[PDB]
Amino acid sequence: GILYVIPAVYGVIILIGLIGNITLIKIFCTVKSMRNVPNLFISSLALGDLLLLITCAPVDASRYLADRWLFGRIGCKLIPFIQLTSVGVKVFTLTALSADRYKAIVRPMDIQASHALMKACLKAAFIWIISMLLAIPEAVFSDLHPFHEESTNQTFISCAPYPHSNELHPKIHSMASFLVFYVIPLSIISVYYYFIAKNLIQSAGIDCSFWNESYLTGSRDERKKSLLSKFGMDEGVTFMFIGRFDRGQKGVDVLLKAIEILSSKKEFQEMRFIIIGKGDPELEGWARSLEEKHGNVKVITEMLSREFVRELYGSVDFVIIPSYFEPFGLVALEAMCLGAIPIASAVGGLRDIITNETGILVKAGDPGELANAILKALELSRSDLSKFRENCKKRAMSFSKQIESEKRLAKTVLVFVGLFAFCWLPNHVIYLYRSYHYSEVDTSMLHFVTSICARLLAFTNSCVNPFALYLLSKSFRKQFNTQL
């Protein structure tokens, strides 16, 4: 009676997984905008999950209804093989996705993304082949053996992969399964994400929603005059430095040399310099002395809200990044997004981000060179720079979207990993123990609880990955909605 209620829930969840994974694979094949190396691996997963759902459904349906094997040798051997193929694709492809995230963020290459999908198809293909090759033993071991139940003194056909006479081999297979399909892959994923987490950090703060002229009020020219008037300065080309006062990395020294060089000319009076940083006291004083000697220099040695640098970036005409070493270039991307034109050293990220149409590159360590660019900007400033500013905003919002989208992908892959780790550890522990204690019959209620839950947790992982994906990606959700 209430029994005919218990399976219906199983079918509900099985259908949700089948619909979801299928819808996911269909969207990957049908939608060009979503065709990419991460999605190809995710589809690889979705394919592996359907197989598991499909193999397990008759297995589970059968255990609930009858006590005997109803599929025959072919069933007794193909099912373990297909089941185990799934388990490698699942974990190995997750490792491949983790590697993809590492390459995309830690070591962006992509000079010729032409063969990237070509390379990805092969990696997934090989993973399917290796997963099948590792699962070939499951078919050999599993065979039909007559079984006598203590509960009913009756003999039934049984699929049994466990020999009663030989004890050494189960001990070897169990340990290998834990290491090959759990410990080694998760360990590789954790190394990868260690560095991924490392680089996610340099990147923190870059959000298009925040760094935009939408929050600022009034014209840029009007905002600049207000900033200068509060500083007791008249309107002029405004150059900005926001950085720690450190000799080795940021070029506060190079800039201060440059202002010394430019202090002699009649062009200095056309310029205004705001140096916003704190650090070495001697460097801090050189800045203060220049502020006292030159009426066109403002210095700020106090900490400030990203809100107030946002306003400054919009108000200022140019931002100087004289970094002897800048790996990411966050300051330039945030500034260019608000219209500030970067005058930076051609080092690390700055070089890739700043093109000729989007700013001025100088050689680092040359104060004279920096000064000359400052003079160039001065001349450029005479003409309209509105077009350059729009180009800047656009280049920087283009990168900030990829930076943001790839950070989301890293979190989504890690979500997937987490569910897997949690849902598959119990199955591994039960499999190992059983390997040494199969000859003994365990009827303890704890054993049934330990097993009935593991099987449902693993089955849950197969259905949740699409639904999971449905909540972490705005883009996937909209296309999934369209199909339904």
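Numbering starts at 1 and follows the sequence shown.
Peer 1: As stated in the PDB record, which stretch has the larger average Cα B-factor, 364-372 or 307-315?
Peer 2: Mean CA B-factor is higher for 364-372.
Peer 1: Using only C-alpha atoms and the B-factors in the entry, which stretch averages higher, 112-120 or 389-397?
Peer 2: Averaged over C-alpha atoms, the B-factors run higher in 112-120.
Peer 1: I'd like to know which of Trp69, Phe420, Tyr64, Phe41 has the highest C-alpha temperature factor in the PDB entry.
Peer 2: That would be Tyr64.
Peer 1: Going by the entry, which of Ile275, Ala99, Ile201, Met271 has the most elevated CA B factor?
Peer 2: Max CA B-factor in the entry, restricted to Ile275, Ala99, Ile201, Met271: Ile201.
Peer 1: Lowest, middle or highest third of the chain for the C-alpha temperature factor of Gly279?
Peer 2: Highest third - that is where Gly279 ends up once the chain's C-alpha B-factors are sorted.
Peer 1: C-alpha B factor of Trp128, ranked within the chain: lowest, middle or highest third?
Peer 2: As the PDB entry reports it, the C-alpha B-factor of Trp128 lands in the lowest third of its chain.
Peer 1: Going by the entry, which third of its chain does the Cα temperature factor of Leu24 land in?
Peer 2: It falls in the bottom third of the chain.
Peer 1: Going by what the PDB entry lists, where does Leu456 fall on CA B-factor within its chain: lowest, middle or highest third?
Peer 2: CA B-factor rank for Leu456: middle third.
Peer 1: For the chain shown, is the CA B-factor of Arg223 in the lowest, middle or highest third of its modelled residues?
Peer 2: Lowest third - that is where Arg223 ends up once the chain's C-alpha B-factors are sorted.
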